[PDB]
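Chemist: Below is the sequence, then the experimental coordinates.
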Amino acid sequence: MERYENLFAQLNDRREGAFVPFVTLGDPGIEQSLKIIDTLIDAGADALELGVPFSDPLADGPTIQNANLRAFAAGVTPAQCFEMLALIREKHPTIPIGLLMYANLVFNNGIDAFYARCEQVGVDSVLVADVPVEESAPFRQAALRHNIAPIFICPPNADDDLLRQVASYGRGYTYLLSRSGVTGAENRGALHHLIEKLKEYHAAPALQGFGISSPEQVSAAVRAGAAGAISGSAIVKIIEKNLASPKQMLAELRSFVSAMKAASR
Amino acid sequence: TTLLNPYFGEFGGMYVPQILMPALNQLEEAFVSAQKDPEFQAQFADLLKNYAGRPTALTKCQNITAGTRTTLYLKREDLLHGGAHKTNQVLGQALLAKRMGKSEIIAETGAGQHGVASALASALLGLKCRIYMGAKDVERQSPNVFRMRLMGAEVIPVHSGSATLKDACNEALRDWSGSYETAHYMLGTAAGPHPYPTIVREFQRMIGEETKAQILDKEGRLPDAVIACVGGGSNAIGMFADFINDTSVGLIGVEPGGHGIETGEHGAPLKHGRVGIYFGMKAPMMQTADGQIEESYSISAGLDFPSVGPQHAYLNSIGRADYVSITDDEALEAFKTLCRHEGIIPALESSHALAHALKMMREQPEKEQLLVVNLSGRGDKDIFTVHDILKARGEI
Ligand SMILES: O=C(NCCOP(=O)(O)O)c1ccc(OC(F)(F)F)cc1
Ligand SMILES: O=C(NCCOP(=O)(O)O)c1ccc(OC(F)(F)F)cc1
Ligand SMILES: *Cc1c(COP(=O)(O)O)cnc(C)c1O
Ligand SMILES: [Cl-]
Ligand SMILES: [Cl-]
Ligand code: NA
Ligand code: NA
């Protein structure tokens, strides 16, 4: 399967950028997360980035910290997350699905076994937040052996050696980091040098993330040469604000994704 | 690409988000530079001597061993300024931060001890110190919090996750990932991502260096074994390091057994956890079957950390060091025994090391053995803890 490649070719044929929401699997519960995810797709999400609840999400600001706690309050486990992933893929055969993982959940029962499970449920990519490219060899080898794209962060500081490693080692897409710090829509981020060198080094198409919360940020990212944008905290805040109002949550979620998706043309 | 080996066998590494690798690489380069710089070494040695009080005494404990063939010495890190060994390495890291042009210090703390050590070093060297503490730990360590604030440090309660040490750790790393251009993260033990296990060992290794010199002067030979408690690993690797190549010298690390290993309420990941990747490192840790990071337990808050430094896991794997555990009740008895028979109030952390030495003596009282226990701290801070337990069980 080549879902990212098929998606990017189709988007390029439409002169269109990708819009890719992030949510935490099982936030605020399994059944309502499945509904959340179907609504994001129905509103125009091009791909999905999905987090598996972890006890210590050290790359995440308060918004997604709280999403993990909500998922844990519902008893969500990695095993339940993989059951959800299988159902999501069964409903939606072509949308690329990427996981955002912390290393211990991948390493826990064996690196190879984790990526085999991803392949079996139909996952397309894995970004391990706390595995830098310097430590990535066993992860990206297991990923590729199971037809999973390993995703790597390209930070703002990236020197030429990092650019070459990210270009050579990543597949699916390059996660182009807008700024330093952790996730959060309360801290907005910033390049034409990174996007150009990544293209020069035949890197996977670049998606910009961290702090993408407004539709004009999506258009700016595409205009700068990125293939699209990822938005996390901004989506999860809609979940947070409407916990008591399930149906209102789905409606606000649908409106925001549709607004974001429209901006990628 | 690194200057030094980030691994100890399979253990260690640099498992941090990509955005933090430049800060770790910068720190490694500064450390390697500093280690070659006689002016840095002279400054560090001067602080250790004239501010912290090094060398610390090596005390022979005659009353405790009477009637046995054990000779027991205590290395007196309890006499170090601040009352614990942590002061050694925070002074070195504070000097590194200045070498790098950093004017701010970030530190994490559970029991408060590292927070106080970071605060005093920062006050002396004119650094602006902020300390992350899990909210549960803030509540039960109000004396250490007040010491930190008296020394001008900003103490920031952490309410996320389980509101304890690992959650303070996360928050320190989150802050450093955005602030490392001006702030140094002064990690508090011989664990975390490279280069910290290496830096903290090298900035604690004077414990063993002095111990070797002192025991040779007093006894004319090396110890049969040196024994140290292990929470994260810094006082133990500080005592062990200069003895690693003396293969006749046993290295014994003591993890907290809490209410007993079989209860699951303990702090002994090295011998009773499972290797995981977190805290920036591949190391044994307490974790669920799913891989969620678990909570440890010990009567002694300073040992209450659910992983261990990677060099200890390595030294264990090759058989160079042996690791054991000591329960709350065993540590409490060692605490009482030292007070009554030597007039020294030991930290409840250190009491775990003393308790194992007392076991080594009592189990084989006719075995000739020359032992050194690293007395990593004094136990003034623990007298209320010991008072309340003794009253609850009907001894007081
Ligand atoms: O995609 C992510 N978050 C959602 C989008 O960010 P935001 O909109 O700011 O919440 C995301 C990606 C990577 C990550 O860890 C690290 F950078 F280290 F790999 C953490 C979060
Ligand atoms: O144990 C730690 N600090 C000890 C604090 O000492 P105390 O004040 O006595 O609780 C400790 C702190 C940080 C760490 O790694 C990382 F930064 F990645 F999280 C690992 C262990
Ligand atoms: C913090 C502390 C310890 C445990 O930390 P290590 O890094 O394992 O040495 C032990 N003793 C005292 C007195 C402490 O303050
Ligand atoms: Cl698995
Ligand atoms: Cl290795
Ligand atoms: Na420990
Ligand atoms: Na604990």
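Modeler: Everything's here; your move. Numbers count the residues shown, from 1 in each chain, chains lettered A, B, ... in the order given. Ligands and ions are numbered 1, 2, ... in the order given.
Chemist: For chain B, give me its nearest residue in the stretch 151-265 of chain A.
Modeler: Residue of the stretch 151-265 of chain A nearest chain B, by C-beta to the nearest C-beta: residue A:181 (3.4 Å). Every residue, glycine included, has its C-beta placed from N, CA and C.
Chemist: That residue and ligand 3: what is the separation?
Modeler: 29 Å (C-beta to the nearest ligand atom, to the nearest Å).
Chemist: Kindly confirm my reading that that residue is in a strand.
Modeler: No - Residue A:181: not assigned to a strand; according to DSSP: H, G, I helix; E, B strand; the rest coil it is coil.
Chemist: Phi, psi for it please.
Modeler: Main-chain torsions, residue A:181, degrees, to the nearest 10: phi 90, psi -160.
Chemist: who's in contact with residue 250?
Modeler: Went with chain A since none was named. Each residue near residue A:250 by C-beta atoms under 8 Å, 6 or more residues apart in numbering or on different chains is listed here: A:35-36, A:39.
Chemist: To clarify, I was referring to chain B.
Modeler: B:223-226, B:322.
Chemist: do residue A:28 as well
Modeler: Taking C-beta under 8 Å, 6+ apart, we find residue A:28 in contact with A:70-71, A:73-74, A:239, A:243.
Chemist: just those now: which is nearest ligand 2?
Modeler: Proximity of the contacts of residue A:28 to ligand 2 (C-beta to the nearest ligand atom) peaks at residue A:71, which lies at 22.5 Å.
Chemist: Would you agree the closest one is in contact with residue A:27?
Modeler: Yes - the pair residue A:71 / residue A:27 is scored as a contact, 4.6 Å apart, by C-beta atoms under 8 Å.
Chemist: Give me the common contacts of these two.
Modeler: A:33, A:53.
Chemist: any chance you could map the helices in the stretch 51-200 of chain B?
Modeler: Along the stretch 51-200 of chain B, counting by DSSP state H, counting those that start in this stretch, helices occupy B:86-99, B:113-125, B:135-140, B:142-150, B:165-179, B:196-202.
Chemist: Tabulate these (TSV), appending mean neighbour count and distance to residue B:38.
Modeler: Listed next are the helices of the stretch 51-200 of chain B as TSV, based on neighbours: other C-beta atoms under 10 Å in any protein chain shown; distance: least, C-beta to C-beta, whole Å:
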stretch	mean neighbour count	distance to residue B:38
helix B:86-99	24	13
helix B:113-125	25	19
helix B:135-140	18	40
helix B:142-150	17	33
helix B:165-179	24	30
helix B:196-202	26	15
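Chemist: can you redo those as a markdown table with distance to residue A:56?
Modeler: Converted to a markdown table, the helices of the stretch 51-200 of chain B look like this (distance: least, C-beta to C-beta, whole Å):
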| stretch | distance to residue A:56 |
| --- | --- |
| helix B:86-99 | 23 |
| helix B:113-125 | 19 |
| helix B:135-140 | 15 |
| helix B:142-150 | 23 |
| helix B:165-179 | 5 |
| helix B:196-202 | 17 |
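Chemist: Save those as TSV, and put in distance to ligand 2 too.
Modeler: Formatted as TSV, these follow (distance: least, C-beta to the nearest ligand atom, whole Å):
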stretch	distance to ligand 2
helix B:86-99	7
helix B:113-125	3
helix B:135-140	8
helix B:142-150	8
helix B:165-179	3
helix B:196-202	7
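Chemist: Nearest approach to residue B:31 belongs to which of the ones you listed?
Modeler: Closest to residue B:31 of those, according to C-beta to C-beta: helix B:196-202, at 5.3 Å.
Chemist: right, quick check: the closest one against chain A, any contact?
Modeler: No - for helix B:196-202 and chain A, the contact criterion (C-beta under 8 Å from any C-beta of the partner chain) is not met; the two come no nearer than 15.1 Å.
Chemist: got the CA positions of that helix in PDB?
Modeler: C-alpha atoms of helix B:196-202 as PDB (Å, rounded to 0.1, in the frame of the first residue of the first chain):
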ATOM      1  CA  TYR B 196      23.900  13.300  31.800                       C
ATOM      2  CA  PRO B 197      24.700   9.800  33.200                       C
ATOM      3  CA  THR B 198      28.300  10.500  32.200                       C
ATOM      4  CA  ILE B 199      28.500  14.100  33.500                       C
ATOM      5  CA  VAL B 200      26.900  13.300  36.800                       C
ATOM      6  CA  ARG B 201      29.200  10.300  37.400                       C
ATOM      7  CA  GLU B 202      32.300  12.400  36.600                       C
END
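Chemist: Show me how far it is from its chain's centre.
Modeler: 11 Å (C-alpha atoms, centre = their mean, to the nearest Å).
Chemist: OK, contacts around the closest residue to chain B within the stretch 1-150 of chain A?
Modeler: With C-beta to the nearest C-beta, the shortest gap between the stretch 1-150 of chain A and chain B falls at residue A:108, namely 3.3 Å. With contact taken as C-beta under 8 Å, 6+ apart, residue A:108 is in contact with A:114, B:276, B:287, B:290-291.
Chemist: just residue A:140 next, same as before
Modeler: Taking C-beta under 8 Å, 6+ apart as the test, what residue A:140 contacts is A:150, A:169.
Chemist: Where does it fall, secondary structure wise?
Modeler: helix A:137-145 (DSSP states H and E).
Chemist: Can you list the buried residues in that helix?
Modeler: Within helix A:137-145, the residues scored as buried using 16 or more other C-beta atoms under 10 Å in any protein chain shown are A:139-140, A:142-143.
Chemist: Tell me which residues touch the closest residue to the residue of the stretch 151-265 of chain A closest to chain B other than its chain neighbours, please.
Modeler: Of all residues not flanking residue A:181 in the chain, residue B:178 sits nearest, at 3.4 Å (C-beta to C-beta, 6 or more residues apart in numbering or on different chains). Shown in contact with residue B:178 (C-beta under 8 Å, 6+ apart): A:180-182.
Chemist: nearest to ligand 2, of those residues?
Modeler: Using C-beta to the nearest ligand atom, the contacts of residue B:178 come closest to ligand 2 at residue A:182, 14.3 Å.
Chemist: tally of neighbours for that closest one?
Modeler: Residue A:182: 26 surrounding residues under other C-beta atoms under 10 Å in any protein chain shown.
Chemist: In strands only, show me the contacts of residue A:28.
Modeler: With DSSP state E as the criterion, strands contain none of these.
Chemist: Just the ones of those in helices?
Modeler: Counted as lying in helices by DSSP state H, out of the contacts of residue A:28, are A:70-71, A:73, A:239.
Chemist: distance of the residue nearest the centre of chain A from residue A:101?
Modeler: Chain A has residue A:49 as the residue nearest its centroid, 2.8 Å off, counting by C-alpha atoms, centre = their mean. Distance check for residue A:49 against residue A:101: by C-beta to C-beta, to the nearest Å, it reads 11 Å.
Chemist: follow-up on the earlier one: separate out the buried members of the contacts of residue B:250.
Modeler: So, by 16+ other C-beta under 10 Å, the buried ones in those are B:223-226.
Chemist: So which of the residues you listed belong to strands?
Modeler: Checked against DSSP E, the buried ones among the contacts of residue B:250 include these in strands: B:225-226.
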